[PDB]
Amino acid sequence: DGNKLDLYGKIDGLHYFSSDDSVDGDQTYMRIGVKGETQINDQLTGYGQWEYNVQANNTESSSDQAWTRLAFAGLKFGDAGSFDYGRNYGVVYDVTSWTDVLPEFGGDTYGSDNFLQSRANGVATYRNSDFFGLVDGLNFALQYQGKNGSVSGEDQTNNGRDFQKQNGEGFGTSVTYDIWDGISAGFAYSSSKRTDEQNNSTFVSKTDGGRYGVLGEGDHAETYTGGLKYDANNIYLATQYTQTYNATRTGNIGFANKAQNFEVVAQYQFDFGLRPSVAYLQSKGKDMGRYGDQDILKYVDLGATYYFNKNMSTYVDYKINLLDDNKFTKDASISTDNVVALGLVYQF
Amino acid sequence: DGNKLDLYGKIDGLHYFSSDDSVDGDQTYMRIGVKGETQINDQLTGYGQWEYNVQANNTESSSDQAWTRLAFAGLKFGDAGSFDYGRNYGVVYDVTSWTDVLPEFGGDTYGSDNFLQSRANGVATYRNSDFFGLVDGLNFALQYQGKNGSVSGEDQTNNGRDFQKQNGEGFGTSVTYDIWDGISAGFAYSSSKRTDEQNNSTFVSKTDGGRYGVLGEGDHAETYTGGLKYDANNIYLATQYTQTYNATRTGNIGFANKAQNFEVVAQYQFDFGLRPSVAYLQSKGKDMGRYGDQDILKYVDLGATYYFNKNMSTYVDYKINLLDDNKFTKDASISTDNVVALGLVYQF
Amino acid sequence: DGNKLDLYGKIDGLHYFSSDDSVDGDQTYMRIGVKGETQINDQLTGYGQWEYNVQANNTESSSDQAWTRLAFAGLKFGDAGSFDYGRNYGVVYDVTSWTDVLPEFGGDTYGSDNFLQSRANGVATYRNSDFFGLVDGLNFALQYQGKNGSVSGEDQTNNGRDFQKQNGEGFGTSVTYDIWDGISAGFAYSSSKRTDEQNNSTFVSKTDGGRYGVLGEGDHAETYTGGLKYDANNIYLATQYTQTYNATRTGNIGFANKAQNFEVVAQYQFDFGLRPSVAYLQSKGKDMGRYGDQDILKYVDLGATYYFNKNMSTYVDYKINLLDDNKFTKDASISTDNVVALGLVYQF
């Protein structure tokens with residue numbers, strides 16, 4: 001009485017084929033989660049959602065095989081909008097998600113716990129749908145994120161973390177709009193203080209051998225995003241453009257002083273199950289101290305998903321990695337090899 | 001047919017505000033668990049319960065984010081009582097729980113895996129309700145706990161653990177009684193052997209710099225508890241008094257040779273959702289070698305919970321920490337700062 | 001509509017009694033899992049299964065307390081057979097499982113992540129039931145396993161692991177057949193390349209103090225298995241014989257150049273719940289370099305299970321360990337002490 005509660009998840013039998021040893025092999029994993037709603041009164045509704053990743057590709061004595069992707073509780077007051085708090089998606093992703101639809105790859109001009117660009121600890125999000133019911137299809141969002149800092153130091157918080165996934169106080173906003181038939185447009189902005197260890201950490205160069213500062217200096221990390229989306233007539237066309245400031249990771253050795261990020265995807269849905277997909281993603285870093293302008297990410301993606309029904313599917317995906325081995329990709333530990341994925345997935 | 005089985009849990013979007021860096025920030029977490037019953041025959045019933053904590057306030061590459069709070073299987077033979085085994089609550093908590101009702105704080109003159117004072121590995125518990133159906137409201141309990149020891153040494157067990165959470169063989173008993181209207185009284189006693197590493201470990205002083213024995217010497221660890229509870233007329237009044245012997249932790253540097261523990265709470269339930277709450281907790285350690293008598297814990301707590309319904313609530317809680325920085329709180333790593341909590345929680 | 005989905009698991013309140021400190025004490029744990037089916041069309045069916053182990057015998061600050069036992073997605077095309085991929089049982093276990101029916105012990109002439117002998121990462125399995133519906137009771141299986149390698153080195157994969165649980169490319173096949181009344185016969189074969197760290201790792205001798213190669217040299221690891229099973233008239237008789245080549249572990253210091261493995265079990269099911277059980281298991285290693293022929297495993301097992309119903313049971317099991325302390329069992333860290341188990345288990 002009153003409460004709805006759904007168990008959901010999937011089991012993904014997955015194998016990667018690649019020349020990069022740290023990528024190649026068995027990638028089997030599963031997801032399980034919970035979605036809940038309670039109607040409090042005719043205007044007010046409470047909700048909660050949890051989503052868990054459980055790796056299955058290592059042993060029963062291996063370590064760190066599970067993690068939480070989402071955990072948030074929330075309130076939705078009809079026409080006034082909604083508010084939720086917890087681990088949830090940064091609002092930049094309200095736009096960039098429109099290109100995150102590849103069978104297995106994609107969605108990686110950005111990472112998780114990467115300021116407000118994806119999933120994020122301690123994020124307070126306000127959302128409004130049809131501009132208070134006055135403008136159908138015109139959604140916007142306002143978000144706040146507290147500092148998630150180091151385990152020690154001046155910038156310690158209880159939930160410490162290495163410098164690549166720390167953040168200071170920040171906010172972000174997003175707007176999406178539906179234009180006539182299926183065509184949607186979106187903008188998103190975010191801004192965060194950085195942390196001492198982000199500005200004061202060093203790293204040791206796989207090429208020279210010497211020690212240097214972690215790429216990126218700055219008091220602030222920033223993203224600007226614009227996106228377009230065609231969805232109708234069994235066509236899916238989408239693109240997104242994002243420009244960032246000390247916000248985009250350069251492998252594991254820091255951030256890019258400036259980076260320009262671009263993703264474009266085209267897909268077609270046959271009504272006998274098959275869903276082919278073509279995509280291009282790049283990330284171009286600027287003024288990265290001793291590395292100057294370099295590609296951070298650059299590939300073409302080709303793949304397809306076969307849907308047996310809403311509970312079962314198979315997919316192949318082929319990442320054609322147009323990066324070259326150099327001192328930047330080596331010193332930053334960015335993979336320059338191709339990958340093939342092959343998946344058979346049960347959903348529930 | 002025959003079996004009942006309930007999924008239960010909650011998602012708790014929670015943030016702490018504090019000057020103590022190791023406490024402050026995002027504290028989002030979730031609980032999920034299972035409660036089960038099977039009727040074997042008209043007298044005999046089997047049951048099982050599991051309860052899991054999943055942290056959500058750190059990253060997807062962080063470690064140790066989940067843990068089990070309860071896991072026990074059991075048998076209940078009508079009027080003869082019940083028996084269960086596994087990870088479950090030490091019976092001291094049958095009384096001290098009556099003060100563990102604060103919105104977020106409280107319940108911490110004692111810890112988990114802290115002999116029979118709270119949740120505990122390998123605990124065999126016998127419970128009897130209305131004294132075999134002869135005295136309505138008069139419950140008692142008998143409990144046994146095997147040694148949970150070190151990872152190495154003379155006192156090794158399979159499930160080793162640091163000295164602050166080891167225990168030797170022990171037992172405990174508890175009695176509660178309902179007096180007329182809502183007024184309940186309770187007593188509880190426990191006794192355990194200690195372990196070699198508890199008596200033979202050293203620690204390094206954050207103030208002097210030198211090495212010393214871990215506070216507390218003794219073959220035995222002991223607790224005596226008395227408690228009172230008023231529940232009726234939308235009032236909740238409760239208090240509990242506990243005296244311990246090498247059983248109460250002194251931060252992370254050992255145990256208190258003697259400690260006197262006191263908790264008192266008053267709450268009021270308005271029938272429009274709001275539930276204000278006032279509380280006082282102290283822990284006073286005695287004869288702690290080079291530290292003598294010191295406060296181990298001392299605060300006032302002020303907070304409130306708003307229940308939208310049985311599935312949704314919001315709460316604020318304010319811990320006013322009356323401890324002062326000194327060599328004891330510093331050398332033992334006890335927090336002396338205030339904390340505010342702010343939570344929005346979905347239950348299912 | 002279309003999808004079946006079952007939550008399943010058990011809570012096992014369990015205690016071990018033993019002179020081996022690393023074995024003795026509380027062993028409480030739980031299992032939880034998911035089994036799913038979707039009918040795609042009248043011939044074709046998709047399925048998925050996940051099964052999770054959650055330890056409960058250590059603290060809430062302990063590490064590595066959970067792990068995945070099974071995670072696989074699959075397809076079943078009526079008379080043509082089935083195919084599944086993920087973490088699943090190596091097909092050798094299609095036969096050796098017939099002796100894995102002891103109340104608590106047994107099933108340990110082999111381990112998990114032990115080539116195709118038990119549960120295994122990245123295993124692709126084809127199964128066929130009544131030989132395409134032509135021969136009732138005659139099942140066979142074909143299986144493939146990709147390399148699961150080191151975290152570094154020439155044999156790195158993404159899901160690295162210590163040498164005792166690495167494997168190279170391998171395959172395995174199995175056949176079972178039902179003979180008239182309850183009597184079944186089975187054969188199974190497997191073959192895998194080994195890995196550099198399996199052939200190139202050293203270890204330090206608990207008896208001498210000096211360094212030596214990890215037992216077992218060889219390009220290939222191999223198993224041959226035959227098994228018999230009587231099931232009917234409330235009798236359970238089963239035996240299995242397996243001969244292995246650099247495939248059977250010698251504690252933690254390597255593999256046995258050759259090992260001959262034997263298990264035999266007899267049980268009786270009274271229809272008032274009780275199920276007594278008697279068993280013998282040995283593992284005899286050959287030509288193990290400086291250790292020559294030694295017993296790797298040798299015990300008698302005596303125990304019983306009481307079933308209150310399909311959801312509740314109690315069991316005792318007594319492992320009489322006929323191994324002697326020597327340089328082999330010490331240098332390999334194999335336990336030579338007896339064990340008693342005592343369990344009360346709730347299933348759902």
Side-chain angles (χ1 to χ4, degrees), chain B residues 69-70 72 81-100 107-128 138-149 155 157 159 161 163-177 184-195 198-199 215-229 239-250 254-263 281 283-286 296-297, chain C residues 15 25-26 28 59-60:
Chain B
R69 284 172 56 88
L70 303 175
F72 63 76
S82 75
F83 170 87
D84 51 62
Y85 179 86
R87 180 172 184 81
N88 202 177
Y89 276 103
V91 296
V92 173
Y93 190 69
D94 296 353
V95 181
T96 60
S97 60
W98 301 347
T99 55
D100 194 26
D108 52 345
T109 47
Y110 60 80
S112 60
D113 297 291
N114 178 206
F115 298 98
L116 293 187
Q117 268 162 297
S118 191
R119 295 178 300 266
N121 290 131
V123 84
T125 308
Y126 166 77
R127 296 179 176 283
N128 185 311
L138 168 56
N139 321 303
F140 80 93
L142 317 165
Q143 199 173 50
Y144 173 81
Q145 181 175 34
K147 179 167 77 174
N148 295 325
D155 266 324
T157 48
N159 56 346
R161 42 176 83 49
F163 78 80
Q164 307 87 330
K165 302 186 177 191
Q166 311 187 11
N167 54 273
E169 274 187 333
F171 72 95
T173 62
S174 71
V175 190
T176 59
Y177 182 47
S184 303
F187 163 83
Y189 171 75
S190 64
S191 172
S192 323
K193 294 185 177 77
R194 286 162 49 83
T195 65
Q198 280 164 334
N199 292 322
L215 307 191
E217 185 79 14
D219 275 18
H220 284 82
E222 258 176 316
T223 76
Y224 304 76
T225 289
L228 285 152
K229 166 168 90 172
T239 174
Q240 85 79 0
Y241 184 70
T242 287
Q243 219 180 215
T244 76
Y245 296 84
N246 312 285
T248 284
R249 280 175 201 143
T250 51
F255 292 84
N257 274 308
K258 174 168 178 175
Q260 301 171 349
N261 285 6
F262 176 77
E263 314 180 11
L281 287 81
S283 181
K284 282 191 195 292
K286 312 291 194 174
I296 300 160
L297 186 130
Chain C
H15 202 276
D26 174 35
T28 291
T59 76
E60 309 181 2

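Proteins get letters first, then strands, A, B, ... in listed order; numbering begins at 1 in each. Keep in mind that the numbers below use all heavy atoms, side chains included, and drop hydrogens, waters and symmetry copies.
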Which heavy atom of [X] sits nearest to which heavy atom of [Y], and what is that distance?
X        : Y        : answer
B:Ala259 : B:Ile296 : CB-CD1, 4.4 Å
B:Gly149 : B:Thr157 : N-OG1, 2.6 Å
B:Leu142 : B:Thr173 : CD2-CG2, 3.4 Å
B:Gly216 : B:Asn246 : CA-OD1, 3.6 Å
B:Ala247 : B:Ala221 : CB-CB, 4.1 Å
C:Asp26  : B:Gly122 : OD2-N, 3.2 Å

Side chain [X], main chain [Y], donor-acceptor under 3.5 Å:
X        : Y        : answer
B:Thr244 : B:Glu222 : no
B:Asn199 : B:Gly218 : yes
B:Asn167 : B:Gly146 : yes
B:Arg249 : B:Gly111 : no

Could you tell me which residues satisfy salt bridge (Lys or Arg N to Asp or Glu O under 4.0 Å) with [X], sequence neighbours excluded, listed by chain and number?
X        : result
B:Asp94  : B:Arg127
B:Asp84  : none
B:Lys258 : none
B:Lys147 : B:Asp155

*OH (B:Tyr126) with more than 12 external heavy atoms under 6.0 Å*: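 Correct, the count exceeds 12.
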Look up atom [atom1] in [X] and atom [atom2] in [Y], then write down how far apart they are to the nearest 0.5 Å.
X        : Y        : atom1 : atom2 : result
B:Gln143 : B:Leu116 : CD    : CG    : 5.0 Å
B:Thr242 : B:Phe262 : OG1   : CZ    : 11.0 Å
B:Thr125 : B:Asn88  : OG1   : CG    : 5.5 Å
B:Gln240 : B:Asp100 : CD    : CG    : 10.0 Å
B:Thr176 : B:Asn139 : OG1   : CG    : 4.0 Å
C:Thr28  : B:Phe72  : OG1   : CZ    : 11.5 Å

Applying ring-ring contact (aromatic ring centres under 6.0 Å, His included), can you list everything that pairs with [X], at least two apart in sequence or on another chain?
X        : value
B:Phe255 : B:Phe115
B:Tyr89  : B:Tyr93
B:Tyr224 : B:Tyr189

*Could you go through the side-chain contact (heavy atoms from CB on, under 4.5 Å) check for B:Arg194 and B:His220 one step at a time?*
CA-CA 5 Å; B:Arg194 286 162 49 83; B:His220 284 82; 5.8 Å; no
Identify, with sequence neighbours excluded, every residue that meets side-chain hydrogen bond (donor to acceptor under 3.5 Å, both in side chains) alongside [X].
X        : value
B:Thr195 : B:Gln166, B:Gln198
B:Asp113 : B:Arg87
B:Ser112 : none
B:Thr223 : B:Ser190

_Determine whether B:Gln117 and B:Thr109 satisfy the following criterion, side-chain contact (heavy atoms from CB on, under 4.5 Å), listing intermediate values before the conclusion._
CA-CA 10 Å; B:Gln117 268 162 297; B:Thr109 47; over 6 Å; no
*With the side chain counted from C-beta on, respond yes when B:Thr248 and B:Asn114 share a heavy-atom pair under 4.5 Å apart, and no when they do not.*
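No, every pair of side-chain atoms sits at 4.5 Å or beyond.
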*When you look at B:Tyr110 and B:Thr96, which way does the side-chain contact (heavy atoms from CB on, under 4.5 Å) test go after all the steps?*
CA-CA 10 Å; B:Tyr110 60 80; B:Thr96 60; 3.9 Å; yes
*Do you see a donor-acceptor pair shorter than 3.5 Å between the side chains of B:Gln145 and B:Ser192?*
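No - no donor-acceptor pair under 3.5 Å links their side chains.
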*asked:* Quick test of your reading: applying salt bridge (charged side-chain N to carboxylate O under 4.0 Å, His left out), list the pairs with at least one residue in residues 114-123 of chain B, sequence neighbours left out, ordered by first then second residue.
replied: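 Applying salt bridge (charged side-chain N to carboxylate O under 4.0 Å, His left out) to every pair that reaches into residues 114-123 of chain B, excluding sequence neighbours, yields B:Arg119-C:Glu60.
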*Report the C-alpha distance between B:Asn121 and C:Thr59 in whole Å, list the side-chain angles of each, state the deciding distance to 0.1 Å, and finish with yes or no for side-chain contact (heavy atoms from CB on, under 4.5 Å).*
CA-CA 7 Å; B:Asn121 290 131; C:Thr59 76; 4.3 Å; yes
